[PDB]
Structure formats: structure tokens, C-alpha cells
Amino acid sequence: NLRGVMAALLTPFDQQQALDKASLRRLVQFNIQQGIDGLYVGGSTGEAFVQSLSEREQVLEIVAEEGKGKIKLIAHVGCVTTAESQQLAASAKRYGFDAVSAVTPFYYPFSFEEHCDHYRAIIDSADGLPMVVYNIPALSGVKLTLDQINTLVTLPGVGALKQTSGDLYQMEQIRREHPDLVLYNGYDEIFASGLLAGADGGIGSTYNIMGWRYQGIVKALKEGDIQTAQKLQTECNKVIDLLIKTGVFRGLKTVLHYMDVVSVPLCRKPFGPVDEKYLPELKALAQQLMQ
């Protein structure tokens, strides 16, 4: 039931780098409009790690007002701190989110046992909302084994795994081991490949501007049409190429600004703005996607 193509919501800031509630609302609605199955809020893409708990809760509350009941809402609640995560877990519950999620805590190296108790404590605080384990070795620096992953994924309370890893051998072993597990493909660039390996949906930042393509790839693969599946994927991939040159969060916000969704396409410092030289390609991209 949590399966599908969920977008990792971006958080629009204003000239003062404060939250832009109006753009947030425009963004939520814009995603709904584009036929997304749900939203993963306050994740890395939402720049959670560069905002406070209150700022973080404020976003959860607003998207819940906008989207609750219309699509699935998963609140990324993870912090390095379990206590901070627990507080966020409770708010998500209070706001009516469908599930809660958390990255494997970072910076300080924690044992695998400490990782499990973290999830256990957060799940406790979720008070019912299922947990989506969030695995992104590349950013967390947390390199869990398949076994550790199997343990986490079986922790009572866990309803999904957000696999932000390009190891498609592992993607399938996870599927082979947990046939019923809601498996989200974390890297947009290999979405079609991830689904073929075992993912049954996905969460990602590029879904904010072209979510329909991912839905497309999903149908095609269902309708045994690898031609449109591959075609759709290379089209997502050309966009990802550019965003990787420009900065994905900022580049996605910039395109969004061009679709009239976001007022100021800035990210919080230390992120810098997009290089002016990249604006013609982003503008152009916004235009084509607008059609």
C-alpha cells in the first residue's frame, strides 16, 4: 500500500532564506497535479540537514494540510539524535503522515546494534506509522551489509526500505529475501534497471519536475514495453546529467521557478547559486517539460 512513485519534496526558501510557504504549497500541489503517488518530506532533498526541528516540523504540517488524504505522505524524521528523531516521529503522527522514515544516523560511527535501537526508538515514537529504513551509503557513510539490511528491514514496525544504492545485485537479493517488502529505488538514474532488479517503486528528487516519466517507465515495464521504458530512462538521464552539472537541488528549484512553481530557486548556505552559464539549458528544459 505504500508502494509507488513518491517524490522527495524540495523545500522552497525566500530571499531571506526562510521557508517560502506559498511556494511550498505550490510545489506540493504541482506534484499532486503531475500524478505522483505520494511525497517523501523533509529528506535530504528537502534540505533537512540544513534546517531546524521546528523548521522541519513546519514543513510537515504544511504539506499535510495540502496533501493529507490526497496522496501518501512519508515524513523523513531522521536526525543523528534519536531524541530529535523521536520528536519528529510524534509530530508526523500528529499531522497525519502515513509513515515515518529516517536515515541511518551519521557523522559518528555507531555499531549495528546502536543503529537497530535507533530505529526501534523512533518506531516507538511513530506510534503506528510504518517505518521506511533510509539507506544512502554515499551520504551517510554508513555501509551496512545485506545481513544488517535484512535485520533492519525485519524489525517489527518497518514497512519499507528506501534503497539509495546502485548495487542492483543487492537490490535483487533484498527482493529475493523479502518478497513482500516495499522497495524504493533511490537513484533516479537507474530507475528502470532498479525496478527490473526488484524495486517496486521509487522516491527521488527529479520526480518533482518530471514525475510522470517515472510513472511512464513503470507502466511500460508492466506492459512489457522495454522500448519506451529505456527511452523514458535516457530522457530522465539527460536531465540528470545537467542537474548533476548545475547542482540537483538548486537546478530542480531553478527549473521549478521557470514553471512558475518556486519564487526564489535558492538553497541554504553553504550551497551556492547556480552558475549563470547554466541558465539557458535550465530555462530551455523547463520549457520543454512544460508540454
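The first residue of the shown sequence is 1; numbering continues from there.
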Quiz item: Looking at the entry, does 219-227 or 61-69 show the higher mean C-alpha B-factor?
Solution: 219-227
Quiz item: Averaging C-alpha B-factors over each stretch, which comes out higher, 276-284 or 5-13?
Solution: 276-284
Quiz item: Which one, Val248, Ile36, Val41, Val28, has the peak C-alpha temperature factor per the PDB entry?
Solution: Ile36
Quiz item: Highest CA temperature factor in the entry: which of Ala121, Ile149, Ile203, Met131?
Solution: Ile149
Quiz item: Lowest, middle or highest third: where is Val182 by Cα B-factor in its chain?
Solution: middle
Exercise. Within this chain's modelled residues, let me know which third the CA B factor of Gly78 belongs to: lowest, middle or highest.
Key: lowest
Quiz item: Once the chain's modelled residues are ordered by C-alpha B factor and cut into thirds, is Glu55 in the lowest, middle or highest one?
Solution: lowest
Practice problem: Would you mind checking where the Cα B-factor of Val153 ranks among the modelled residues of its chain, as the lowest, middle or highest third? | Solution: highest
Quiz item: Within this chain, which third does the Cα B-factor at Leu252 fall in: lowest, middle or highest?
Solution: middle
